[PDB]
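Chain lettering (A, B, C, D, E, F, G, H, I and J) follows the sequence in which the chains are written, and residue indices restart at 1 in each chain.
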Amino acid sequence: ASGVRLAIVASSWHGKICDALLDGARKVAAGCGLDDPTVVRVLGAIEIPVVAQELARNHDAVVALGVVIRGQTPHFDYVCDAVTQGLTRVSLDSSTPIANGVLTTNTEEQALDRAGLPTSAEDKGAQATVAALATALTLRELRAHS
Amino acid sequence: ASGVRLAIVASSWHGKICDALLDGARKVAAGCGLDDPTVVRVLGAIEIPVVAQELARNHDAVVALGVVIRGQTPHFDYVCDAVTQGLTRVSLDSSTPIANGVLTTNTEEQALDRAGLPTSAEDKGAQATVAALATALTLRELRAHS
Amino acid sequence: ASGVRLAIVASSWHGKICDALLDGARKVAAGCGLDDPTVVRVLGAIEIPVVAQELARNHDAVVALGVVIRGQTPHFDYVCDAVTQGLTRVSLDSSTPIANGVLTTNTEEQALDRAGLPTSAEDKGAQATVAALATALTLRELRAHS
Amino acid sequence: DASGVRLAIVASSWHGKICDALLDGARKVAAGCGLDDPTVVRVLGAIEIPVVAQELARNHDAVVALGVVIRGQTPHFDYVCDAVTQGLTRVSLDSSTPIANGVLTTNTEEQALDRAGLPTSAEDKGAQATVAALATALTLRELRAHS
Amino acid sequence: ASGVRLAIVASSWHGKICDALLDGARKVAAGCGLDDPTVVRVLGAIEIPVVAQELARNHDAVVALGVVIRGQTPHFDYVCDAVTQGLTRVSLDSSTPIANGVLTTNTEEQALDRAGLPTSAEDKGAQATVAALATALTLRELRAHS
Amino acid sequence: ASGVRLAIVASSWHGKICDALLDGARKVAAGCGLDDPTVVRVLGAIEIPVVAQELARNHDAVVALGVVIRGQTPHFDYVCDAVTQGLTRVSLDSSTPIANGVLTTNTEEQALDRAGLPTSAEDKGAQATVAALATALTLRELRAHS
Amino acid sequence: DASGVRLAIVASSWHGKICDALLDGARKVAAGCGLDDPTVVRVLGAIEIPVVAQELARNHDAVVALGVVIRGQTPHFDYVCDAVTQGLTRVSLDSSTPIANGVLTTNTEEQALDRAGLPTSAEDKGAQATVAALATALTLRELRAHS
Amino acid sequence: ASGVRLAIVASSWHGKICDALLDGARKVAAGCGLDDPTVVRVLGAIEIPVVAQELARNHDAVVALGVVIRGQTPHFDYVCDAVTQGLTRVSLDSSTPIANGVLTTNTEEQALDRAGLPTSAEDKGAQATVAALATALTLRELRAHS
Amino acid sequence: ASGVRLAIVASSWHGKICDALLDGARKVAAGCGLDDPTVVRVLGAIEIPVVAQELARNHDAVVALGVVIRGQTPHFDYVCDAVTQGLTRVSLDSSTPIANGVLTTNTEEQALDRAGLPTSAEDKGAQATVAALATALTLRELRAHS
Amino acid sequence: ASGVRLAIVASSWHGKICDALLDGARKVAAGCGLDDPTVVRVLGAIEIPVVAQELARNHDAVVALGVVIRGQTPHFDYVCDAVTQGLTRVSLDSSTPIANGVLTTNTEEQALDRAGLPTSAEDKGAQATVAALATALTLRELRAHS
């Protein structure tokens, strides 16, 4: 667990939630032996993929965190298409896991309930970190040694 | 089908259903003379393509197993989108069959019914493996030999 | 149109319906004086693109045939997306017409009706092959000759 | 402004009368811009456009894709539109050439006829896509290397 | 961000709204030390991506601006899908931020309200440029220096 | 061998010698019952690969013909290297036999002798076309047929 | 050790008797390793090898390229060797498959005959390249994903 | 040849000889109806390919001009190697003719004799432009038109 | 360099000399905190590059070791050219250092003298590994951290 | 001149000379307005390309400096092939000038005479910096603005 190189890129739109997701990703990392993951912040979720690409050049895994919440127009749908499309492509070009902990909810109560705050049902920041670390460890054993 | 190299990557969300899909894939595999395919477990369906890309380096077919079930948010559609996008890409980049045996249902009852348990109407795990072995055999013939 | 090298790949799901699409593709091919076209069967529509990729290496045109009918879950939508992204990409990678003769219907009744039986209103199987051939001829002309 | 740009136009043939009317719009815009002999290729359906457009983009500064997809009783409209879309988008970026999407996607015949620039049409989408191709080809020429 | 090299590409459909979004982009650029960003016009949203690609070859970031408003037909969906797939591909291919300020609304009232016209609630032009620049700045810090 | 689509590209430097290589290529093509092959002239051997690239898009085989004779400077060596790297690469990119019928001689006398005139000991022009054709036939067989 | 590896061998035909002797070496090594039916294709000259090898590498774990290039009076030896070399090297790395270079490049016929594993030959380069292909195919299988 | 877009990139080492090569290219250009080709000067032959790659984005042909002359070290061969390698690559990646008009001599007298000055035996500058225009015309014809 | 992930690939031709170079690589690795580098053998130099490529997928650097000694024929030139082009391509494709410790000598005395056998003047195995590691370390510092 | 982003990678083999080349590159840079170019050291010249590749991701130009001197074996030739081949490829993948100031001499007096020391005939470190800066400035004017 301890020897993996991990990066976390978190957007800042709905900053409060963003910070709650990043809290659960860090804590997961630190309990697995990783106290100094590369952490980067971006403004919005659309900026995540290009930053994830840069990070995957020299980390074993990248955790993509953020919060998108449906407004009054279709813009929500296109923002979510673009992030889904970018992350999948970056993982496969780089042959590196890019864990998707980007929340996509209709409401703010949904996001708060998915973010690992004191009374949340679940913590997606923490789940996405477990996923990336576990997957990087699986790739390690599949690949060439020794 | 004795001499095809088969790999099965199954995710672990709704882990009771995933084990049943894997069970049917493993039986189909063993029935066509493959007693020990390469089997890999990942956490979540989203992780399937990058592990499947690696497995395709060393195998003639890959079977992607898992279960995504719809909740209260739009997340179900972006998860399903990433899986669909990623596997098709991997199949064409590697010119290797990747069978989609990832169930995408609305309810848990629908998934239970397509995982090949005692009272289930079908087994997609089994169908996914059938399709992957069949295609690998076809390509073998289509491609260069004596 | 006698000069063109034509492959047909037909999936087998709803095999009565796949079988009329294919009868109609071969009628059209024979009526344009074709050298016995290369025909490959596959299990499901999701299998078609990797086999089309193989076939496109050695032919001027590939007709993709099969049938997808909608059920009780979202699966239909992902199956159709996969086929669509796959064919479009295979055709551009190989710069080869990949005709889409893949029905995507709500009901069995609608599919039977577009499959060119005596009482059917349309025949997608035959339409796809005319399309294939015309596009191959056009590209012959557009490309380098004396 | 566009006397030197090499334009190609590819038009599908489903709904013949409307494709003719899109192509007339395209050739008029071209003519008015100094271009009398654009390369023009016909294909049978709109799904065939992208692979013909890709070929046209090797010898041309801009490609105009014309056609008409009209929704039926099945979901099949949605997949055709998806293929066309994804393809022309790949083709333009692979080749670093404008590929103007002049392919109508309507719910009914009435709607298509209204966007093909017939005498009483509200608009002419074939015209629009040519202007768009030609103006993007010119933009890119100034942007690109000259001395 | 005075040493950042910025380009801005604005489509022209709905001229008043674009001029406004372009004006917001440009006021944000000047307010962060950038007097002469490269500014290019195209007619429609869909032309943005190929122009963006030429601009990503010697700028640190590109802002996409334009307006898509829904009508009576399906065409809106395909315009937005095109723009989204295009700009997502352009950014990762060139490893350069393309900030998306393409408005995608159901109504004109909605679009005018997001354009930073005098009575508007927000300006997505202004917002897109803040994103471009922060991201450029982050990449700079992340990349090779010494 | 009647089925194969053959292009010949011959450079024009030492045109008497290029002209016998080409007469010998066409004799061989006609003696295998060929549909009038596509013939293109180019000015010099360095021109051949880009034109071969174009020709390989629409043919099963390309014969490259021309003559390079050594002079007083190192130029000869670079001209021959260029042609070599170009042809080998064009053939692999297009997976198409690109026969090398390009003489590379110290003197004019040696070239005339390998160019298949009555008193010549060899004919490289004719050798290259047999090679072209045989390789195209072999690949037809190796690839996907019924 | 190599019962499960799928081996292809491509051999050029210039200097027929020596190519036969290289191919005999290859098929013996294969047989002794559990492999009785390697895919074997003949091509006319060594410059044809790379494009045939590339095709063989889509359906096979290893390719053995056999042949014989013998220096003449002109510089033309040097370019043939260069093409063969560059090609088999590209083909192996593009396809992530071993392509064993069993192509002799000699100054005289005497030298080639000495490296084709005839009864009095000093060595058999056809044998060597098969062992090399098969041992690299096996290496890469352990290195690659298994469970 | 009126409507071919021509570019000439000349290096500046042995600048008297380079200007003479350029002079012959410019006259050939002007003779076939091209009065203002794109002309670019670089310092050294090694710089030619990356500028030529850029010029190929916007032109149908490119002419590479320059003069490398052998000194006391092996550097002459690696300079010549890089030029040869780089230009061939650029020509095939861009599917655009790049005429090699870079003289590679042993002495300054040999270069003076191939640069098309009053008493020179030939003009390579002129030949390089001839070859590039001729090839661009050929490809135009080979490629798609009415 | 304790956190560097190293692989070493040593060919086997001239077994005593390779064992020696491999021993030098391995003593340098241990002397810089690396107890278990991944060590793989291949038969000949030419097999190095495809193995190197598999190893570059999860190591920070790869050391190539082997011995090529010149004989009576041209073959030596083509073995060295192969190895050089292969390893150069493998490093840039994978953006990973491949340190070249493939000895290329005219005589056996020469090779034994560069192998760090007991009486040797140098050890190019030892040297190649110092290069691998410094370069890994430099890239680490140059790449994304925070 | 002042706005270009410049990197210099210098190997350390023949350290004295290496340092004399780097002195002339820095000084050239500082007189052009560039006081803080990114400077990286590598052990040998073979390590230069992979470091040059990393640097070209975010600089307008890279200057490659070093010294190779022929010894007793052909190793010199292969070291020089690999550097020539790597640098040309890195410049073209990145569309960035990579100035070659890697000296290749038969002797040490030749190197000292090419390195810009008090009594040298020439300074190649300084020439290669002028070349890269001048070329980057030329690309700036060819490319997109304003």
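Throughout what follows, a contact is a pair of C-beta atoms (placed from the backbone, for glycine too) under 8 Å apart; a residue touches a chain by one contact, two chains touch by 3 or more.
For reference, the UniProt names are A, B, C, D, E, F, G, H, I, J = 6,7-dimethyl-8-ribityllumazine synthase.
Contact with chain B and chain G alike is made by A, F.
Each chain gets a centre from the mean of its Cα atoms; for chain B and chain E, those two points are 40 Å apart. The distance from the centre of chain A to the centre of chain H, with each centre set as the mean of the Cα atoms, comes to 51 Å.
Taking each chain's centre as the mean of its C-alpha atoms, chain A lies 25 Å from chain B. Those residues of chain B in touch with two or more other chains are numbered 40, 54-55, 81, 85, 95, 139, 142-144. Here the touching chains pair up as A-B, A-E, A-G, A-I, B-C, B-F, B-G, C-D, C-F, C-H, D-E, D-H, D-J, E-I, E-J, F-G, F-H, G-I, H-J, I-J. Of all residues in chain C, those touching chain B in their complex are 40, 42-44, 46-47, 49-51, 53-55, 72-75, 78-79, 81-82, 85-86, 89-90, 93.
Chain I makes touch with chain A in their complex at residues 3, 7, 36, 38-40, 54-55, 57-59, 95, 139-140, 143-146. Contact residues of chain G toward chain A in the complex are 143-146. Interface residues of chain F, counted against chain G in their complex, comprise 70, 80-81, 83-85, 87-89, 91-92, 95-100, 103-106, 110, 114, 127, 130-131, 134-135, 138-139, 142-143.
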